[PDB]
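Source file protein07.cif; content: mmCIF, C-alpha atoms and all ligand atoms.
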data_structure
loop_
_atom_site.label_atom_id
_atom_site.label_comp_id
_atom_site.auth_asym_id
_atom_site.auth_seq_id
_atom_site.Cartn_x
_atom_site.Cartn_y
_atom_site.Cartn_z
CA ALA L 11 -53.69 -8.74 -28.53
CA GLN L 12 -53.68 -12.20 -30.00
CA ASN L 13 -56.45 -14.69 -29.26
CA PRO L 14 -58.57 -12.29 -27.15
CA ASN L 15 -61.45 -14.76 -26.78
CA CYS L 16 -59.03 -17.30 -25.25
CA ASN L 17 -59.84 -20.11 -27.69
CA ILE L 18 -57.88 -23.37 -27.61
CA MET L 19 -55.47 -23.25 -30.55
CA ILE L 20 -54.21 -26.25 -32.54
CA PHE L 21 -50.73 -26.23 -34.08
CA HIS L 22 -49.21 -28.27 -36.91
CA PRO L 23 -45.42 -27.75 -36.73
CA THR L 24 -43.28 -28.88 -39.61
CA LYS L 25 -40.38 -31.22 -38.89
CA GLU L 26 -38.02 -28.22 -38.95
CA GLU L 27 -40.20 -26.32 -36.48
CA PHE L 28 -40.24 -29.43 -34.24
CA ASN L 29 -36.49 -29.29 -33.55
CA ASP L 30 -36.34 -26.48 -30.98
CA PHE L 31 -38.90 -27.10 -28.23
CA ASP L 32 -38.43 -23.79 -26.36
CA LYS L 33 -38.67 -21.79 -29.58
CA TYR L 34 -41.95 -23.42 -30.54
CA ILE L 35 -43.53 -22.81 -27.12
CA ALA L 36 -42.57 -19.15 -27.51
CA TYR L 37 -44.02 -19.13 -31.03
CA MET L 38 -47.34 -20.50 -29.80
CA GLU L 39 -47.45 -17.78 -27.14
CA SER L 40 -46.70 -15.14 -29.76
CA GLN L 41 -49.97 -16.30 -31.38
CA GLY L 42 -51.87 -16.03 -28.10
CA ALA L 43 -52.12 -19.75 -27.40
CA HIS L 44 -51.49 -19.36 -23.68
CA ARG L 45 -54.60 -17.23 -23.25
CA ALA L 46 -56.72 -20.40 -23.47
CA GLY L 47 -54.69 -22.26 -20.82
CA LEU L 48 -54.29 -25.27 -23.14
CA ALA L 49 -53.03 -25.88 -26.70
CA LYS L 50 -52.95 -28.94 -28.93
CA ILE L 51 -49.82 -29.77 -30.97
CA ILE L 52 -50.08 -32.31 -33.78
CA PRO L 53 -46.57 -33.63 -34.55
CA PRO L 54 -45.33 -33.68 -38.14
CA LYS L 55 -46.20 -36.80 -40.08
CA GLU L 56 -42.54 -37.86 -40.14
CA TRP L 57 -42.26 -38.00 -36.36
CA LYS L 58 -42.83 -40.87 -33.96
CA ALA L 59 -42.41 -41.32 -30.22
CA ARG L 60 -41.14 -44.92 -30.53
CA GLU L 61 -41.39 -47.70 -33.06
CA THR L 62 -44.21 -49.77 -31.53
CA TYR L 63 -46.19 -50.25 -28.34
CA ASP L 64 -46.09 -54.04 -28.69
CA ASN L 65 -43.78 -54.59 -25.69
CA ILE L 66 -45.35 -52.59 -22.78
CA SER L 67 -47.50 -55.23 -21.03
CA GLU L 68 -44.90 -55.98 -18.34
CA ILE L 69 -44.76 -52.42 -16.96
CA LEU L 70 -45.98 -52.53 -13.36
CA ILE L 71 -48.71 -50.32 -11.93
CA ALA L 72 -47.61 -50.68 -8.31
CA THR L 73 -50.58 -48.79 -6.82
CA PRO L 74 -53.64 -48.61 -9.09
CA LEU L 75 -56.15 -46.09 -7.75
CA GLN L 76 -59.91 -46.65 -7.57
CA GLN L 77 -61.59 -43.26 -8.02
CA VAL L 78 -64.64 -43.20 -5.76
CA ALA L 79 -67.02 -40.24 -6.17
CA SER L 80 -69.32 -38.35 -3.76
CA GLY L 81 -71.76 -35.49 -4.41
CA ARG L 82 -74.05 -34.97 -7.37
CA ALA L 83 -73.53 -35.80 -11.02
CA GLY L 84 -72.19 -32.38 -11.93
CA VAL L 85 -70.57 -31.36 -8.63
CA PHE L 86 -68.60 -34.10 -6.90
CA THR L 87 -65.33 -35.00 -5.26
CA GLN L 88 -63.33 -38.16 -5.71
CA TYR L 89 -61.00 -40.01 -3.40
CA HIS L 90 -58.41 -42.56 -4.37
CA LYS L 91 -58.60 -46.02 -2.84
CA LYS L 92 -55.39 -48.00 -3.29
CA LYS L 93 -55.63 -51.40 -5.01
CA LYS L 94 -53.20 -54.29 -5.37
CA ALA L 95 -50.43 -54.02 -7.96
CA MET L 96 -51.05 -55.18 -11.53
CA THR L 97 -49.16 -55.18 -14.81
CA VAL L 98 -50.22 -53.05 -17.76
CA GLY L 99 -51.38 -56.22 -19.50
CA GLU L 100 -53.62 -57.08 -16.56
CA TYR L 101 -54.86 -53.48 -16.39
CA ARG L 102 -55.79 -53.47 -20.08
CA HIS L 103 -57.77 -56.65 -19.60
CA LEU L 104 -59.56 -55.08 -16.63
CA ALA L 105 -60.31 -51.89 -18.59
CA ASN L 106 -61.86 -53.98 -21.37
CA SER L 107 -63.98 -56.13 -19.03
CA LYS L 108 -67.74 -55.70 -19.06
CA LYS L 109 -67.65 -53.83 -15.72
CA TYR L 110 -65.23 -51.15 -16.93
CA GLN L 111 -65.34 -50.97 -20.73
CA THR L 112 -66.48 -47.95 -22.72
CA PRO L 113 -70.22 -48.22 -23.43
CA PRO L 114 -71.74 -48.11 -26.90
CA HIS L 115 -71.94 -44.51 -28.05
CA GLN L 116 -72.47 -42.53 -31.23
CA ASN L 117 -69.58 -40.00 -31.11
CA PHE L 118 -67.42 -38.03 -28.66
CA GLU L 119 -70.32 -35.74 -27.68
CA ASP L 120 -72.56 -38.71 -26.81
CA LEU L 121 -69.78 -40.20 -24.74
CA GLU L 122 -69.26 -36.84 -22.96
CA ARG L 123 -72.97 -36.72 -22.10
CA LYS L 124 -72.79 -40.24 -20.69
CA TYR L 125 -69.69 -39.37 -18.66
CA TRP L 126 -71.31 -36.43 -16.90
CA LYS L 127 -74.64 -38.24 -16.45
CA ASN L 128 -73.18 -41.46 -14.99
CA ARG L 129 -69.59 -40.96 -13.76
CA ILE L 130 -70.48 -40.78 -10.08
CA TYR L 131 -72.21 -44.19 -10.15
CA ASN L 132 -68.99 -46.03 -11.04
CA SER L 133 -65.51 -46.25 -9.55
CA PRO L 134 -62.94 -46.70 -12.34
CA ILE L 135 -59.33 -47.68 -11.62
CA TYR L 136 -56.53 -45.36 -12.78
CA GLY L 137 -52.92 -46.26 -13.24
CA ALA L 138 -51.66 -42.66 -12.67
CA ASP L 139 -48.27 -40.99 -11.61
CA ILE L 140 -45.89 -43.85 -12.58
CA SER L 141 -42.33 -42.55 -12.94
CA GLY L 142 -41.03 -43.57 -16.35
CA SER L 143 -41.05 -42.84 -20.06
CA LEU L 144 -42.15 -44.53 -23.28
CA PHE L 145 -40.16 -42.29 -25.64
CA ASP L 146 -37.37 -44.05 -27.50
CA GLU L 147 -34.01 -42.65 -26.43
CA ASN L 148 -33.32 -42.04 -30.14
CA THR L 149 -36.36 -39.74 -30.51
CA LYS L 150 -34.71 -36.34 -30.54
CA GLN L 151 -37.72 -34.05 -30.96
CA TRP L 152 -40.31 -33.44 -28.23
CA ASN L 153 -38.98 -36.31 -26.10
CA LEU L 154 -40.53 -35.64 -22.68
CA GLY L 155 -37.62 -37.33 -20.92
CA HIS L 156 -35.06 -35.01 -22.55
CA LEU L 157 -36.47 -31.53 -21.87
CA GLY L 158 -34.56 -28.76 -20.14
CA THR L 159 -35.15 -29.00 -16.41
CA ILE L 160 -37.06 -26.56 -14.27
CA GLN L 161 -34.04 -26.33 -11.97
CA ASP L 162 -31.84 -25.23 -14.87
CA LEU L 163 -34.49 -22.72 -16.00
CA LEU L 164 -34.58 -21.16 -12.53
CA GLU L 165 -30.81 -21.08 -12.43
CA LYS L 166 -30.60 -19.46 -15.87
CA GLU L 167 -33.23 -16.85 -15.06
CA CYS L 168 -32.45 -16.07 -11.44
CA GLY L 169 -28.82 -17.12 -10.97
CA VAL L 170 -29.57 -19.55 -8.15
CA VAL L 171 -28.41 -23.13 -8.25
CA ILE L 172 -30.84 -25.56 -6.60
CA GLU L 173 -31.24 -29.24 -5.83
CA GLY L 174 -33.98 -31.31 -7.39
CA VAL L 175 -34.85 -33.31 -10.47
CA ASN L 176 -37.70 -33.29 -13.07
CA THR L 177 -38.72 -36.66 -14.69
CA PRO L 178 -41.82 -37.77 -16.62
CA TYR L 179 -44.79 -39.77 -15.44
CA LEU L 180 -46.93 -42.40 -17.14
CA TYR L 181 -50.70 -42.69 -16.80
CA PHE L 182 -52.70 -45.76 -17.78
CA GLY L 183 -56.39 -44.92 -18.03
CA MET L 184 -59.76 -46.53 -18.59
CA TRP L 185 -63.29 -45.29 -19.28
CA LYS L 186 -64.39 -42.65 -16.76
CA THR L 187 -60.95 -42.21 -15.15
CA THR L 188 -60.93 -38.58 -14.15
CA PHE L 189 -58.49 -35.74 -13.50
CA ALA L 190 -59.94 -33.15 -11.13
CA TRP L 191 -59.80 -29.36 -11.57
CA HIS L 192 -56.31 -28.09 -10.87
CA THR L 193 -53.36 -26.00 -11.93
CA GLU L 194 -49.88 -27.53 -11.84
CA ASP L 195 -47.55 -27.36 -8.86
CA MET L 196 -46.17 -23.82 -8.60
CA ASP L 197 -48.42 -22.95 -11.59
CA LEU L 198 -45.92 -24.62 -13.95
CA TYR L 199 -46.58 -25.58 -17.54
CA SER L 200 -47.34 -29.21 -18.34
CA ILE L 201 -46.88 -31.19 -21.52
CA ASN L 202 -48.86 -34.32 -22.18
CA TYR L 203 -48.44 -36.93 -24.91
CA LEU L 204 -51.14 -39.52 -25.56
CA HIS L 205 -49.03 -42.52 -26.57
CA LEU L 206 -51.77 -45.04 -27.35
CA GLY L 207 -55.38 -45.97 -27.03
CA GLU L 208 -58.62 -44.10 -26.55
CA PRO L 209 -59.03 -40.32 -26.28
CA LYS L 210 -58.80 -37.92 -23.36
CA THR L 211 -61.28 -35.03 -23.11
CA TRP L 212 -60.00 -31.81 -21.52
CA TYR L 213 -61.73 -28.78 -20.00
CA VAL L 214 -59.75 -25.60 -19.34
CA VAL L 215 -60.30 -22.14 -17.86
CA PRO L 216 -58.26 -19.23 -19.29
CA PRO L 217 -55.51 -18.17 -16.87
CA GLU L 218 -56.90 -14.64 -16.81
CA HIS L 219 -60.15 -16.07 -15.38
CA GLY L 220 -58.79 -18.67 -12.96
CA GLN L 221 -60.03 -16.76 -9.94
CA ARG L 222 -63.61 -17.08 -11.22
CA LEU L 223 -63.28 -20.85 -11.07
CA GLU L 224 -61.76 -20.62 -7.59
CA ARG L 225 -64.67 -18.51 -6.35
CA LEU L 226 -67.22 -20.96 -7.71
CA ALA L 227 -65.33 -23.90 -6.21
CA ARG L 228 -65.40 -22.26 -2.79
CA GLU L 229 -69.18 -21.87 -3.10
CA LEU L 230 -69.71 -25.44 -4.31
CA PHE L 231 -67.35 -27.17 -1.82
CA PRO L 232 -67.82 -25.03 1.27
CA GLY L 233 -66.40 -27.42 3.88
CA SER L 234 -63.33 -28.08 1.75
CA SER L 235 -62.79 -24.36 1.31
CA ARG L 236 -62.94 -23.79 5.08
CA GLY L 237 -60.31 -26.50 5.55
CA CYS L 238 -57.82 -25.04 3.08
CA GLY L 239 -57.42 -21.73 1.23
CA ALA L 240 -56.02 -23.62 -1.78
CA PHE L 241 -58.06 -26.82 -1.67
CA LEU L 242 -58.11 -27.22 -5.45
CA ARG L 243 -54.41 -28.19 -4.86
CA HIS L 244 -55.79 -31.42 -3.42
CA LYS L 245 -56.92 -32.43 -6.91
CA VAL L 246 -60.25 -33.92 -5.86
CA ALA L 247 -63.03 -31.57 -7.09
CA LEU L 248 -65.09 -31.94 -10.27
CA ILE L 249 -67.54 -29.43 -11.76
CA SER L 250 -69.31 -30.26 -15.03
CA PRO L 251 -69.47 -28.05 -18.12
CA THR L 252 -73.20 -27.59 -17.51
CA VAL L 253 -72.57 -26.23 -14.02
CA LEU L 254 -69.76 -24.01 -15.27
CA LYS L 255 -72.06 -22.55 -17.94
CA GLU L 256 -74.87 -22.06 -15.42
CA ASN L 257 -72.45 -20.02 -13.31
CA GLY L 258 -70.96 -17.99 -16.15
CA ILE L 259 -67.44 -19.45 -15.83
CA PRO L 260 -65.35 -18.99 -19.02
CA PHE L 261 -64.01 -22.34 -20.24
CA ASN L 262 -63.25 -24.39 -23.32
CA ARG L 263 -63.11 -28.08 -24.14
CA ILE L 264 -61.21 -30.30 -26.58
CA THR L 265 -60.54 -34.00 -27.12
CA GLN L 266 -56.97 -35.27 -27.46
CA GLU L 267 -56.35 -38.38 -29.55
CA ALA L 268 -53.43 -40.78 -29.63
CA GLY L 269 -50.35 -39.26 -31.21
CA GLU L 270 -51.16 -35.71 -30.07
CA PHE L 271 -49.53 -33.41 -27.52
CA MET L 272 -51.33 -31.03 -25.18
CA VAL L 273 -49.58 -28.16 -23.38
CA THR L 274 -51.12 -26.53 -20.34
CA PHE L 275 -49.95 -23.01 -19.56
CA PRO L 276 -49.21 -21.40 -16.18
CA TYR L 277 -52.32 -21.00 -14.06
CA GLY L 278 -54.55 -22.72 -16.64
CA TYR L 279 -57.04 -24.75 -14.60
CA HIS L 280 -57.89 -28.04 -16.29
CA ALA L 281 -59.88 -31.23 -15.70
CA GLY L 282 -61.03 -34.11 -17.85
CA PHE L 283 -61.58 -37.80 -18.42
CA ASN L 284 -60.44 -40.79 -20.43
CA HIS L 285 -62.66 -42.46 -23.01
CA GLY L 286 -61.26 -45.98 -22.61
CA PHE L 287 -57.94 -47.79 -22.20
CA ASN L 288 -55.06 -45.45 -22.92
CA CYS L 289 -51.54 -44.47 -21.92
CA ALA L 290 -50.29 -40.90 -21.57
CA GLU L 291 -46.96 -39.43 -20.52
CA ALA L 292 -46.62 -36.01 -18.93
CA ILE L 293 -44.09 -33.72 -17.26
CA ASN L 294 -44.05 -30.20 -15.89
CA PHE L 295 -41.75 -27.60 -17.41
CA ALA L 296 -40.88 -23.92 -17.16
CA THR L 297 -39.97 -21.02 -19.43
CA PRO L 298 -38.88 -17.48 -18.55
CA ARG L 299 -42.54 -16.36 -18.61
CA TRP L 300 -43.36 -18.86 -15.85
CA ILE L 301 -41.20 -17.17 -13.18
CA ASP L 302 -43.75 -14.51 -12.31
CA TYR L 303 -46.49 -17.15 -12.04
CA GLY L 304 -44.31 -19.27 -9.77
CA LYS L 305 -43.76 -16.22 -7.51
CA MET L 306 -47.52 -15.74 -7.16
CA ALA L 307 -48.75 -19.34 -6.99
CA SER L 308 -51.06 -20.21 -4.17
CA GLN L 309 -50.06 -22.94 -1.87
CA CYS L 310 -51.70 -25.63 0.20
CA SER L 311 -50.25 -25.79 3.70
CA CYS L 312 -53.05 -27.90 5.29
CA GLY L 313 -51.26 -31.23 4.80
CA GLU L 314 -53.42 -32.66 2.06
CA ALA L 315 -51.37 -31.65 -1.00
CA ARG L 316 -48.11 -33.43 -0.30
CA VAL L 317 -45.75 -33.14 -3.28
CA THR L 318 -42.28 -34.03 -4.60
CA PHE L 319 -39.25 -32.79 -2.70
CA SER L 320 -38.27 -30.89 -5.86
CA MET L 321 -40.95 -28.29 -5.06
CA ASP L 322 -39.08 -27.36 -1.84
CA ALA L 323 -36.52 -25.26 -3.70
CA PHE L 324 -39.16 -23.57 -5.81
CA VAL L 325 -41.07 -22.36 -2.73
CA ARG L 326 -37.87 -21.62 -0.83
CA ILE L 327 -36.45 -19.35 -3.56
CA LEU L 328 -39.57 -17.87 -5.17
CA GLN L 329 -41.82 -17.60 -2.07
CA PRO L 330 -39.56 -17.24 0.98
CA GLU L 331 -42.33 -15.63 3.10
CA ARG L 332 -44.55 -18.68 2.53
CA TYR L 333 -41.84 -21.30 2.89
CA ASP L 334 -42.01 -22.03 6.63
CA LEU L 335 -45.79 -22.58 6.59
CA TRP L 336 -45.74 -24.64 3.39
CA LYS L 337 -42.93 -26.78 4.79
CA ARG L 338 -44.94 -27.50 7.93
CA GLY L 339 -47.66 -28.80 5.61
CA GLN L 340 -45.18 -31.20 3.97
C1 LIG D 1 -51.13 -50.60 -28.17
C2 LIG D 1 -52.51 -50.36 -28.03
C3 LIG D 1 -53.09 -49.41 -28.83
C4 LIG D 1 -54.45 -49.15 -28.73
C5 LIG D 1 -55.22 -49.83 -27.81
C6 LIG D 1 -56.59 -49.51 -27.77
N1 LIG D 1 -57.43 -50.07 -26.94
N2 LIG D 1 -58.73 -49.67 -26.99
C7 LIG D 1 -59.61 -50.29 -26.20
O1 LIG D 1 -59.27 -51.16 -25.44
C8 LIG D 1 -61.06 -49.83 -26.28
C9 LIG D 1 -61.70 -49.86 -24.90
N3 LIG D 1 -61.14 -49.36 -23.81
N4 LIG D 1 -61.97 -49.59 -22.83
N5 LIG D 1 -63.11 -50.21 -23.35
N6 LIG D 1 -62.89 -50.39 -24.64
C10 LIG D 1 -54.65 -50.81 -27.03
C11 LIG D 1 -53.29 -51.09 -27.13
CL CL D 2 -72.04 -44.81 -18.93
NA NA D 3 -65.13 -20.29 -25.62
NI NI D 4 -52.43 -31.19 -14.90
ZN ZN D 5 -54.79 -28.01 1.57
#
Do you think you could lay out the structure here as structure tokens?
Amino acid sequence: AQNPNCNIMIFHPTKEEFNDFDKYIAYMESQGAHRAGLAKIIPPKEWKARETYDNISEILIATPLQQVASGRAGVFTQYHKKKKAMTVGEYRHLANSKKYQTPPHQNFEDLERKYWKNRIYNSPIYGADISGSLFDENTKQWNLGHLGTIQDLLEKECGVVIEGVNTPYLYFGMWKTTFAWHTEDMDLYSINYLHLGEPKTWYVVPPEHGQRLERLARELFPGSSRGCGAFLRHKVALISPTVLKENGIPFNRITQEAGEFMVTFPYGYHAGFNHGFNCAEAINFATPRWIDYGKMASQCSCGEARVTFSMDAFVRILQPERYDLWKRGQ
């Protein structure tokens, strides 16, 4: 078996290998990449997402989110407080202000130490989940707005035609903006391109060990666990690498820099943070190997994890026994 220790693998496709997206995902899996839950893909030197980022300041962040923490430095939740709309230009200025800017630091490891020491004492503002794309329409390779849809994948694999659409999202980040521990909706894949700016550090648990993380989370967030059998779906819980190590949870870490893609694999729990002002684009996708994960994915039915209407058909077809209860939650 390839990659038995579940290490995060880094790939350097040639321009020829970058033509056929599905084929390259399958290639990475043939090398065991999925065992880690996360892979990095460095595009060929000839490729670009768009010509420049000089013209993006007028994008609107209609509902910036202030990420307010509670708990202890290494075990905390965050809630999102809505703020007034701002443009990307205004957001960049805010990110670079003395209150919010990245502190002096020696290297990525020093910055990581500062993040876990101090994150809870600040409330950064995140411009997350903005429907849109920054890929040029003429970019033909790895354009996240031109991938095969999950609806077409399900139809091709299972013969069922379903409603729903699948479009990318933009994320504008600043120092300390945080993504909580989660898997994707229906345990889908995700792909993530860091268009510009400062890095994003990722933590990931191998899919084969996801239940270990779930068990620890139930111990560490006992009230939340009583409220919902899939509370990690709420995307609010953080556990530091130190706490994971103390509890024997298998995980890996890596930092993504501008110009790099990250793929998360079905049932790969991940979390992380932004180093400073940046912009990422991401979308969920499926392959034939996803179907059996989608069939088995846990669901939140407590009300908290409201999601896109495109997930209706996925639950309805893949999880008919669970559908009525999940729908009540929506
Ligand atoms: C197009 C474009 C490309 C790169 C950037 C980088 N910006 N880097 C910071 O702003 C550093 C910082 N972030 N928070 N505190 N300091 C901006 C625009
Ligand atoms: Cl700090
Ligand atoms: Na490891
Ligand atoms: Ni994710
Ligand atoms: Zn729930």
As a JSON list (two decimals) with C-alpha atoms, in the coordinates of the input, please: the residues near residue 53 of chain L (cut-off 9 Å, only C-alpha atoms, same-chain neighbours under 5 positions excluded).
[["chain", "number", "residue", "atom", "x", "y", "z"],
["L", 21, "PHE", "CA", -50.73, -26.23, -34.08],
["L", 22, "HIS", "CA", -49.21, -28.27, -36.91],
["L", 23, "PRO", "CA", -45.42, -27.75, -36.73],
["L", 24, "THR", "CA", -43.28, -28.88, -39.61],
["L", 25, "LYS", "CA", -40.38, -31.22, -38.89],
["L", 28, "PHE", "CA", -40.24, -29.43, -34.24],
["L", 58, "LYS", "CA", -42.83, -40.87, -33.96],
["L", 152, "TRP", "CA", -40.31, -33.44, -28.23],
["L", 269, "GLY", "CA", -50.35, -39.26, -31.21],
["L", 270, "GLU", "CA", -51.16, -35.71, -30.07],
["L", 271, "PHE", "CA", -49.53, -33.41, -27.52]]
Next on the checklist: Given the point (-70.7, -36.5, -18.1) in the coordinates of this file, which residues lie within 9 Å, counting only C-alpha atoms, and how would they look as a list in words?
Outcome noted: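 The residues that fall inside the cut-off are residues 83, 84, 121, 122, 123, 124, 125, 126, 127, 128, 129, 186, 250 and 251 of chain L.
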Checklist entry - Could you pull the residues within 9 Å of residue 146 of chain L, counting only C-alpha atoms, minus those fewer than 6 positions along the same chain, as a PyMOL selection string? => result chain L and resi 59-61+153
Could you save those same residues with C-alpha atoms as a CSV table (one decimal), in the frame of the given file?
chain,number,residue,atom,x,y,z
L,59,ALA,CA,-42.4,-41.3,-30.2
L,60,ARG,CA,-41.1,-44.9,-30.5
L,61,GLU,CA,-41.4,-47.7,-33.1
L,153,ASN,CA,-39.0,-36.3,-26.1
Item to check | Shell of 7 Å around ligand NA 3 (chain D) (only C-alpha atoms and all ligand atoms), written as an MDAnalysis selection string | outcome: chainID L and resid 15:17 260:262
Checklist entry - So which one's closest to residue 181 of chain L, L:274, L:132, L:211, L:141? Using only C-alpha atoms, please. => result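 The shortest atom-to-atom distance to residue 181 of chain L comes from L:141.
Atom CA of residue 66 of chain L lies 29.6 Å from atom CA of residue 191 of chain L.
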Item to check | Å distance separating atom CA of residue 199 of chain L from atom CA of residue 76 of chain L, one decimal place | outcome: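 We find that atom CA of residue 199 of chain L and atom CA of residue 76 of chain L lie 26.9 Å from each other.
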Item to check | Distance filter 7 Å around ligand NI 4 (chain D), atoms: only C-alpha atoms and all ligand atoms, out as a list in words | outcome: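 If we count only C-alpha atoms and all ligand atoms, the neighbours of ligand NI 4 (chain D) turn out to be residues 192, 193, 194, 200 and 280 of chain L.
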Checklist entry - Which polymer residues have any atom within 12 Å of an atom of segment 163-180 of chain L, counting all atoms listed in the file, with same-chain residues fewer than 6 positions away left out, as a ChimeraX atom specification? => result /L:32,66,69-71,98,136-145,153-157,198,200-206,288-302,304-305,318-328
Next on the checklist: How would you report the residues lying within 12 Å of ligand LIG 1 (chain D), as number ranges by chain, if you count only C-alpha atoms and all ligand atoms?
Outcome noted: L: 60-67, 98-99, 101-115, 134-135, 144, 182-187, 204-210, 267-269, 284-290
Next on the checklist: Excluding residue 39 of chain L and its own-chain neighbours fewer than 3 positions away, which residues fall within 12 Å of it when counting only C-alpha atoms? Please give them as a list in words.
Outcome noted: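 My list of contacting residues is residues 11, 12, 13, 16, 18, 19, 21, 32, 33, 34, 35, 36, 42, 43, 44, 45, 46, 47, 48, 49, 273, 274, 275, 276, 297 and 299 of chain L.
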Next on the checklist: Give me, as a VMD selection string, the set of residues whose atoms come within 9 Å of any atom of ligand ZN 5 (chain D), counting all atoms listed in the file.
Outcome noted: chain L and resid 234 to 235 237 to 244 309 to 316 339
Checklist entry - Hey, which of L:272, L:57, L:20, L:116 ends up closest to residue 149 of chain L? Count all atoms listed in the file. => result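 Of the candidates, the smallest distance to residue 149 of chain L is held by L:57.
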Checklist entry - What separation in Å, quoted to one decimal, exists between atom CA of residue 221 of chain L and atom CA of residue 307 of chain L? => result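 Pair atom CA of residue 221 of chain L / atom CA of residue 307 of chain L returns 11.9 Å.
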